[PDB]
Amino acid sequence: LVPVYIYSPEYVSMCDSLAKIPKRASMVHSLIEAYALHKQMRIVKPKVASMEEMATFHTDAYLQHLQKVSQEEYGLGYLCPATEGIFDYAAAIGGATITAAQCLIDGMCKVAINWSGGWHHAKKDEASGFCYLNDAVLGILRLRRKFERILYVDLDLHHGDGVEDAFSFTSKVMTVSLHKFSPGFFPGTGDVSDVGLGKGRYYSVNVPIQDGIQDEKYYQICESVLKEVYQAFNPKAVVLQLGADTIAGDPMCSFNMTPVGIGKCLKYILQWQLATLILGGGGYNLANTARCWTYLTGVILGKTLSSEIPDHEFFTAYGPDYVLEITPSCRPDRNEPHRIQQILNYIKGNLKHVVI
Ligand SMILES: CN(C)c1ccc(C(=O)NCCCCCCC(=O)NO)cc1
Ligand SMILES: [Co+2]
Ligand SMILES: [K+]
Ligand SMILES: [K+]
């Protein structure tokens with residue numbers, strides 16, 4: 001049947017509050033609306049995550065803390081300050097991801113979308129990198145009720161450390177993250193020699209990338225890795241994290257990608273035809289993130305979209321040119337193709353240890 005699109009007016013208003021990405025949620029949805037793609041999807045009201053559902057991953061001590069400070073010392077510092085209503089926004093986004101997982105279980109759909117999810121840094125007892133709750137972990141754990149092996153792919157600019165760590169000692173969930181890996185660059189983990197630990201050894205994969213990667217070399221990397229993971233690990237479902245802080249024009253100022261490069265990655269995964277749970281993440285050039293996740297939504301739906309941005313609530317944000325396409329910046333590509341090749345070999349090596 002048709003892709004699920006998780007959405008409600010109130011969920012969006014809630015996610016709009018998030019101080020680092022104000023009104024992003026409305027922008028993304030408004031743009032998806034303007035292209036009529038919600039017509040071609042099933043809309044499902046997210047449920048709010050209960051206290052017990054969040055404790056499938058997070059500790060009770062953490063969670064009760066989060067709640068208390070939401071009314072008026074678990075990582076709630078500079079990057080995750082303890083503002084009002086944060087407990088509720090966290091529950092909302094957690095429930096939204098879980099809800100999508102549920103839809104995939106009940107075979108309602110083969111793809112389910114929560115663009116406002118993708119909070120990949122949160123730990124069981126600590127906030128991190130703007131992430132107060134790990135919704136990707138919550139959804140993976142929900143998918144494990146039905147699906148034997150889960151692949152978590154993370155294409156955010158940043159290492160999916162929170163999700164990797166949660167599953168670091170298990171062979172039931174494999175984590176693949178492609179990310180900027182550089183001294184000083186958050187969160188600092190996920191060098192190619194990071195493979196997980198114990199029973200989980202070889203069931204974490206990390207691709208370290210330098211500034212200025214563009215669509216071609218990026219897709220070459222991504223395809224090469226996923227092909228191997230697919231053959232070795234033979235996943236029964238995919239949780240996919242598509243943070244748009246990789247996209248040219250983002251103030252993270254790092255990668256030099258366009259949504260076409262990412263959708264080719266998404267297409268690769270989609271052809272496996274598994275239960276796939278699609279998440280957003282970072283993305284701080286707000287119009288650009290909307291263009292990306294709108295385009296990606298086109299891809300999910302095998303639609304080609306018109307190059308001119310329809311008029312809608314946030315049309316002014318798309319000036320001066322009002323086109324869907326993003327132009328690569330002229331920034332240097334810092335990725336030596338030798339280093340990339342050793343990275344790919346090192347991973348191919350690693351993945352030989354994975355036999356199901
Ligand atoms: C005062 N000073 C010199 C500094 C203050 C903050 C940062 C920083 O960490 N910036 C990066 C914030 C991390 C965001 C990661 C969240 C994300 O998009 N994950 O996907 C650096 C220097
Ligand atoms: Co990010
Ligand atoms: K990543
Ligand atoms: K693992």
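Numbering starts at 1 and runs along the chain as displayed.
Using the three backbone atoms N, Cα and C, a Cβ is placed for every residue, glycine included.
Swiss-Prot lists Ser26 with the feature phosphoserine. Under the heading active site, proton acceptor, Swiss-Prot lists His121. The annotation divalent metal cation binding site is assigned in Swiss-Prot to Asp156, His158, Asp245.
Here the C-alpha separation of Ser26 (phosphoserine) and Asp245 (divalent metal cation binding site) works out to 18 Å. A Cβ within 8 Å of the Cβ centre of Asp156, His158, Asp245, the residues given for divalent metal cation, is found for these other residues of the same chain: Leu157, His179, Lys180, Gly243, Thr246, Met252, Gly281, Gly282, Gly283. Listed in sequence order, the recorded positions among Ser26, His121, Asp156, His158, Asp245 whose CB lies under 6 angstroms from an atom of ligand 2 come out as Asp156, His158, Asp245. Checking the recorded positions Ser26, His121, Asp156, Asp245 against ligand 3, the ones whose Cβ sits under 6 Å from it are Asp156. With 9 residues not built between them, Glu72 and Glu73 place their Cα atoms 14 angstrom from each other.
Residues near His158 (divalent metal cation binding site) in space but far in sequence (CB under 8 A, at least 6 apart, same chain), listed by position: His120, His121, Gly129, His179, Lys180, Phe186, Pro187, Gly243, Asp245, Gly281, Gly282. It is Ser26, among the recorded positions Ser26, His121, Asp156, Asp245, whose Cβ has the fewest other Cβ atoms within 10 Å in the structure shown.
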